[PDB]
Protein chains: 8
Amino acid sequence: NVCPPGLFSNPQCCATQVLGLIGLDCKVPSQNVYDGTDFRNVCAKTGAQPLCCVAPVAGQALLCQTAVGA
Amino acid sequence: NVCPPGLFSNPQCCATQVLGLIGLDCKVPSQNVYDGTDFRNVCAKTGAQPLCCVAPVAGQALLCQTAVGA
Amino acid sequence: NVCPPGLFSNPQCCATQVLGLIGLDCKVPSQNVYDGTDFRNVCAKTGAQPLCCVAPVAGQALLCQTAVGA
Amino acid sequence: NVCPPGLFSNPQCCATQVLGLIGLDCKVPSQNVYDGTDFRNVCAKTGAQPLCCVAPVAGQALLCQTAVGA
Amino acid sequence: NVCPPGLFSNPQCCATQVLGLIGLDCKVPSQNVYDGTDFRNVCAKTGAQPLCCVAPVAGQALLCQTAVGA
Amino acid sequence: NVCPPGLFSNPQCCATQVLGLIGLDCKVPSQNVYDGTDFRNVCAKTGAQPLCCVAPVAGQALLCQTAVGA
Amino acid sequence: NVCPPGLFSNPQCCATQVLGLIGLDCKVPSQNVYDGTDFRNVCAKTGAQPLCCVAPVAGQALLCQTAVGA
Amino acid sequence: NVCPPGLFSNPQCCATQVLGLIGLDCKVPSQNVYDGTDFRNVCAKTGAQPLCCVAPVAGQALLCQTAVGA
Ligand SMILES: CCCCCCCCCCCC[N+](C)(C)[O-]
Ligand SMILES: CCCCCCCCCCCC[N+](C)(C)[O-]
Ligand SMILES: CCCCCCCCCCCC[N+](C)(C)[O-]
Ligand SMILES: CCCCCCCCCCCC[N+](C)(C)[O-]
Ligand SMILES: CCCCCCCCCCCC[N+](C)(C)[O-]
Ligand SMILES: CCCCCCCCCCCC[N+](C)(C)[O-]
Ligand SMILES: CCCCCCCCCCCC[N+](C)(C)[O-]
Ligand SMILES: CCCCCCCCCCCC[N+](C)(C)[O-]
Ligand SMILES: CCCCCCCCCCCC[N+](C)(C)[O-]
Ligand SMILES: CCCCCCCCCCCC[N+](C)(C)[O-]
Ligand SMILES: CCCCCCCCCCCC[N+](C)(C)[O-]
Ligand SMILES: CCCCCCCCCCCC[N+](C)(C)[O-]
Ligand SMILES: CCCCCCCCCCCC[N+](C)(C)[O-]
Ligand SMILES: CCCCCCCCCCCC[N+](C)(C)[O-]
Ligand SMILES: CCCCCCCCCCCC[N+](C)(C)[O-]
Ligand SMILES: CCCCCCCCCCCC[N+](C)(C)[O-]
Ligand SMILES: CCCCCCCCCCCC[N+](C)(C)[O-]
Ligand SMILES: CCCCCCCCCCCC[N+](C)(C)[O-]
Ligand SMILES: CCCCCCCCCCCC[N+](C)(C)[O-]
Ligand SMILES: CCCCCCCCCCCC[N+](C)(C)[O-]
Ligand SMILES: [Zn+2]
Ligand SMILES: [Zn+2]
Ligand SMILES: [Zn+2]
Ligand SMILES: [Zn+2]
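Residues numbered from 1 in each chain as written, not as in the entry; some residues may be left out. Chains lettered and ligands numbered in written order. Heavy atoms only, no water.

Deposited coordinates in this entry are attributed by the record to X-ray crystallography, at a stated resolution of 2.300 Å.

As recorded in the PDB entry, chain A goes by the name Hydrophobin-1, listed as coming from Hypocrea jecorina. As deposited in the PDB, this entry carries the title "Crystal structure of hydrophobin HFBI with detergent". As its UniProt record puts it under Subunit (literature references left out), chain A is described as follows: "Homotetramer. Further self-assembles to form highly ordered films at water-air interfaces through intermolecular interactions." For the record of chain A, the UniProt heading Sequence similarities holds the text "Belongs to the cerato-ulmin hydrophobin family." (UniProt positions renumbered as here; feature names shortened; annotations may be inferred.)

Quick look at the structure:
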């Protein structure tokens, strides 16, 4: 609901993103997210960005797409 | 549309490109574009190149490919 | 006939394939090809590799599978 | 079997995975595998990880997803 | 006092650092910093990291060294 | 003169600067320059920036610092 | 010391190196090392290579050079 | 005598120099050199370039200036 189905279906909060597709210092949101705006608000708590990644687990560098409505 | 569906589906005007994969100084076109001609002309306004990138938001370096219809 | 029908059904000559599914610097064959041997010979004219991609037009990076009878 | 049907359907033992979708130094399992745990155990014989890649042939770097239940 | 004299003498708060020498999404601290610990505390307010960069002005990507005592 | 003595003592007009220390597409000023403003004005004739680089010869990419008072 | 003074003055044990400039999977040596022999032996404990890097803190990818005395 | 005295006073043969001051893949000349012409000829034996660096020992990346009488 906050991320599209398929490859980039895992929501994560990352310190930043490079090249338009790589999230850096990513972590699963600390709490549940229900929509684009809430997703963005949770990540902003730690100064992070909302991204939709290919992996369900935290990672220093993961392929991720920009979030929609975030 | 002006960009293929999938990964590189985001139109952007970039100052240049390198390695045939990375656009530099990229920002969303100032106005709507409906075909390869529009896309090329609009980006030329700032002397930029029309590219199809992996992210819908401006960025200094993004993975991008040359627009096919322009 | 040179490429399986479906997703990767468009023959192209690419400088190389990476990550097992991405063709870089791809272009439509200069001449017509009717079988694996033709595909290989026509692409080899420019030091290219024969691949079956999803897109009909040329592209600096496309989703492609190695040609069947390369 | 041990990998879902589709693009990422080829079992491989790779030294590791980066960006959450790329296996490095991948090789086909030496022996057949029948389930997650089995797949994992075999790849562990060479200190490798069990992944499902886009190609049936070994490669220094390939697109792969982690094996389910492995 | 928070950064060494020379090339990397400009304190900045950045979203992260790559390759051990490149700060990403950097900005001059919002307030004055007097020591390593205070520098680190100010940057942590926005979830940023304390770095010593070659430029006195904010930048999306700048050469920066890890901070000492931070 | 317009650049400090030492490593970064060679005046150049470069299309731009990245990472806060690298000038791209640099060329020696067409005419002599005597101070910050002068240096800047000249480089502006070709849409370039005034920088102090480590080498007296033009280059696609060189280590350079911004010109003081320019 | 074990690493030259300057930019690459931080000893680290890394899983490997690429392009003769980037160390991968790097962490500070578990114990003190006073020369090239110590450095090499200590890193061998985890099958790692002794490198001199630009950052004093562990990281998955850092700019590093081979240790001269090891 | 082949390199100016001081900082960059150690002759080395490097695959190339980048950014106007960095020698990559540098090694001490195989034979002795007594003048610019010798330096150039001895390095050219391995397709290398003659540079004057700060370090006496070999290195994958060092601070170097182009040889005076290359
Ligand atoms: C942010 C990660 C960027 C990784 C970039 C990796 C580039 C690899 C280029 C390999 C080129 C190999 N070859 C044989 C064509 O020279
Ligand atoms: C950075 C390398 C990126 C390669 C990206 C390849 C994207 C392929 C998208 C294919 C979409 C195919 N189809 C039939 C669904 O339109
Ligand atoms: C390093 C980037 C790799 C990107 C790989 C992208 C694979 C996309 C596959 C899309 C398949 C779509 N359908 C629509 C499922 O073909
Ligand atoms: C962090 C380092 C970034 C370096 C970026 C270098 C961009 C070079 C672009 C050269 C473009 C050349 N040309 C002819 C296509 O305009
Ligand atoms: C996931 C981020 C990947 C960034 C990859 C950048 C790849 C650049 C490849 C350049 C290849 C150039 N050449 C001449 C060897 O074809
Ligand atoms: C942030 C990603 C940067 C990727 C840079 C990739 C550079 C590839 C250079 C390939 C050069 C190939 N060749 C044949 C011209 O030497
Ligand atoms: C890990 C990726 C780090 C990327 C650092 C990129 C710095 C890019 C600077 C691009 C400047 C482009 N332009 C057109 C303004 O010259
Ligand atoms: C963050 C993106 C950084 C991109 C850096 C791209 C460097 C490209 C260098 C290309 C050199 C090509 N050539 C023909 C002169 O060897
Ligand atoms: C954005 C797409 C980036 C693709 C980068 C691909 C790097 C491929 C390196 C392949 C090396 C192959 N081999 C056989 C020489 O080991
Ligand atoms: C995101 C692209 C990552 C590309 C990584 C390519 C690694 C190539 C390693 C080649 C190693 C070759 N050899 C002979 C030393 O085993
Ligand atoms: C985070 C920025 C990384 C930038 C990496 C730039 C690599 C440029 C390699 C240029 C190689 C040129 N040449 C002629 C030797 O092939
Ligand atoms: C970590 C050091 C990275 C150095 C990267 C240097 C890239 C140099 C590209 C030089 C291109 C020179 N030339 C003449 C072909 O334009
Ligand atoms: C951080 C290293 C950045 C290296 C950037 C290298 C850019 C090389 C651009 C070469 C352009 C050559 N040419 C013929 C197209 O003008
Ligand atoms: C990523 C390329 C890095 C090149 C780094 C060169 C660092 C040189 C440090 C030289 C220190 C010289 N000295 C005499 C002060 O020891
Ligand atoms: C892309 C990285 C470039 C690093 C350039 C580093 C230059 C260091 C110069 C150090 C000079 C030291 N003394 C001690 C002033 O020679
Ligand atoms: C974000 C992409 C990161 C790709 C990292 C690829 C590392 C390849 C290391 C190959 C090492 C080969 N060898 C023989 C030195 O062990
Ligand atoms: C400021 C970050 C710079 C990262 C630079 C990475 C440069 C890699 C250069 C590889 C050159 C390989 N080769 C074979 C052309 O000498
Ligand atoms: C994050 C920085 C990644 C830098 C990757 C640089 C890759 C350089 C590959 C140079 C390949 C040169 N050659 C001659 C083997 O084709
Ligand atoms: C802009 C730079 C982006 C760098 C992304 C780097 C991903 C590195 C993954 C390294 C994995 C190393 N190792 C040894 C654990 O396989
Ligand atoms: C964040 C660091 C990413 C480093 C990626 C390095 C890719 C190196 C590929 C080397 C390929 C060498 N060779 C000989 C097989 O072409
Ligand atoms: Zn909420
Ligand atoms: Zn139109
Ligand atoms: Zn304070
Ligand atoms: Zn010892």
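There's plenty left to go through after this.
(A) Here's a closer look at the sheet that holds strand β3 (residues 49–53) of chain C. All names here are of chain C. Pairing in this closed barrel of four strands is antiparallel, and the strands run β1-β2-β4-β3 around the ring. Sheet twist, expressed as the mean angle between neighbouring strand axes with direction ignored, is 65°. Pairing of β3 with strand β4 (residues 59–66) involves three bridges; the strand directions are antiparallel. The residue bridging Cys52 from the neighbouring strand is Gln65, located in β4. Helix α1 (residues 36–44) rests against β1 (10–18) and β3 of the sheet, and its axis sits at about 120° to β3. (Pairing = 2+ DSSP bridges. Helix = DSSP H or I, 4+ residues; strand = E, 2+ residues; numbered from the N terminus. Axes fitted to C-alpha atoms, helices over the stretch in contact; angles between N-to-C directions. Contact = heavy atoms within 4.5 Å.)

(B) The arrangement of helix α1 (residues 36–44) of chain B in detail. Residues and elements named next belong to chain B. Looking only at α1, the buried set comprises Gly36, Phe39, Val42 and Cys43. Buried residues along α1 cover an arc of 140° about the axis, so they all sit on one side. Tucked inside the fold, the buried residues of α1 contact β1 (10–18) and β3 (49–53). (Buried < 20%, exposed > 50% of the residue type's maximum accessible area, 1.4 Å probe, protein only. Arc of directions from axis to C-beta.)

(C) Region of the structure containing the interface of chain A and chain B. Contacts between chain A and chain B engage six residues on the former and eight residues on the latter. Summing both partners gives a buried area of about 580 Å² for chain A against chain B, and 73% of it is carried by carbon and sulfur. Considering only the surface of chain A that becomes buried against chain B, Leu19, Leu21 and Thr66 of chain A emerge as the three largest contributors, covering 72% of it. Taken together, chain A and chain B are joined by zero salt bridges. Here the side of chain A that touches chain B is built from residues that sort into three nonpolar, three polar and no charged. (Buried area = accessible area lost by both parts, 1.4 Å probe. Salt bridge = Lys/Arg side-chain N within 4 Å of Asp/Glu carboxyl O. Nonpolar A, V, L, I, M, F, W, Y, C, P; charged D, E, K, R; others polar.)

(D) Main features of the site of ligand 16. The environment of ligand 16 is made up of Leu19 and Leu24 of chain D together with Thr16, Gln17, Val18 and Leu24 of chain G. In this structure, ligand 16 is bordered by residues of chains D and G. The side chain of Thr16 of chain G places a nitrogen or oxygen atom 3.4 Å from an oxygen atom of ligand 16. When ligand 16 sits alone it has 500 Å² of accessible area, and the protein chains cover 40% of it. Counting residues per element, the shell around ligand 16 draws most heavily on strand β1 (residues 10–18) of chain G, at three residues. Grouping the constituent residues of the shell around ligand 16 by class yields four nonpolar, two polar and no charged. (Near = heavy atom within 4 Å. Polar contact = N/O pair within 3.5 Å; in protein donor to acceptor, adjacent residues only side chain to side chain. Areas by Shrake-Rupley, 256 points an atom, 1.4 Å probe, with all protein chains shown as cover.)

(E) Local environment of the coordination of the zinc ion (ligand 24). Ligation of the zinc ion (ligand 24) by protein atoms is provided by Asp35 of chain G (OD), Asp38 of chain G (OD) and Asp38 of chain G (OD), these donors lying 2.2 to 2.8 Å from the ion. Judged by its relative accessible area of 25%, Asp38 of chain G falls in the partly exposed class. (Donors = N, O, S within 2.8 Å, 3.2 Å for Na, K, Ca; no water.)

(F) Focus on the pattern of salt bridges. Throughout the structure, instances matching the rule amount to six salt bridges over all chains. Note that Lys27 of chain A is salt-bridged to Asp25 of chain A, the shortest N-O span being 3.8 Å.

(G) Here's a closer look at the environment of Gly59 of chain H. Positionally, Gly59 of chain H belongs in strand β4 (residues 59–66). Note on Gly59 of chain H: relative accessible area 14%, which makes it buried. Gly59 of chain H sits 15 residues away from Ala44 of chain H along the chain, and the two C-alpha atoms are 18 Å apart. Beyond its immediate stretch of four places on either side in the chain, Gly59 of chain H contacts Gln65 of chain G together with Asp25 and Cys26 of chain H.

(H) Spotlight on the pairing of strand β2 (residues 22–27) of chain F. Residues and elements named next belong to chain F. In this sheet, β2 lies alongside strand β1 (residues 10–18) in antiparallel orientation, the contact comprising five bridges. For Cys14, the partnering residue across the bridge sits in β2 and is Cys26. Sheet topology note: the β2/strand β4 (residues 59–66) ladder contains four bridges and is antiparallel. Note on β4: the bridge partner recorded for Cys26 is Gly59.

(I) Looking closely at the side chain of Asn10 of chain B. Residue and element names in this part refer to chain B. In this fold, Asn10 is placed in strand β1. A relative accessible area of 13% means that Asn10 is categorised as buried. Of note is the side chain of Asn10, whose polar atom sits 3.4 Å from the backbone oxygen of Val54. Ignoring anything within four residues of it in the chain, the contact list for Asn10 reads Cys3, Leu51, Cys52, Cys53, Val54, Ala55 and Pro56.

(J) Spatial organisation of the environment of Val2 of chain E. Residue and element names in this part refer to chain E. Within the secondary structure, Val2 is located in the segment before β1 (10–18). Looking at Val2, the relative accessible area reads 11%, which means it is buried. For the pair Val2 and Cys53, spaced 51 residues apart in sequence, the C-alpha separation works out to 12 Å. Residue contacts for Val2: discarding those within four places in its chain leaves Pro11, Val33, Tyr34, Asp35, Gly36, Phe39 and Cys52.

(K) Broad picture of the pairing of strand β3 (residues 49–53) of chain D. Residue and element names in this part refer to chain D. Most of β3 is tucked away: four of the five residues are buried. Taken together, the five bridges between strand β1 (residues 10–18) and β3 define a ladder with antiparallel strand orientation. The residue of β3 that forms the bridge with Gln12 is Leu51.

(L) The side chain of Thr16 of chain A, seen in detail. Residue placement: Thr16 of chain A occurs in strand β1 (residues 10–18). Among the residues examined, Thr16 of chain A registers a relative accessible area of 11% and is labelled buried. Residues contacting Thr16 of chain A, with those up to four places away along its chain left out, are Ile22, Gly23, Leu24 and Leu51 of chain A together with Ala15, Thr16 and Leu24 of chain E.

(M) Quick look at the UniProt feature "disulfide bond" in chain A. Residues and elements named next belong to chain A. Between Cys14 and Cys26, where UniProt records a disulfide, the sulfur-sulfur distance comes to 2.0 Å, consistent with the annotated bond. With a gap of twelve residues between them, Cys14 in strand β1 and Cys26 in strand β2 (residues 22–27) connect regions that are remote in the sequence. Here the bond UniProt gives for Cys53 and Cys64 holds up, since the two sulfurs are only 2.0 Å apart. Residue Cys53 is located in strand β3 (residues 49–53), and its partner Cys64 is located in strand β4 (residues 59–66); the two are separated by eleven residues in the primary sequence. A relative accessible area of 0% means that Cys53 is categorised as buried. (Disulfide = S-S within 2.5 Å.)

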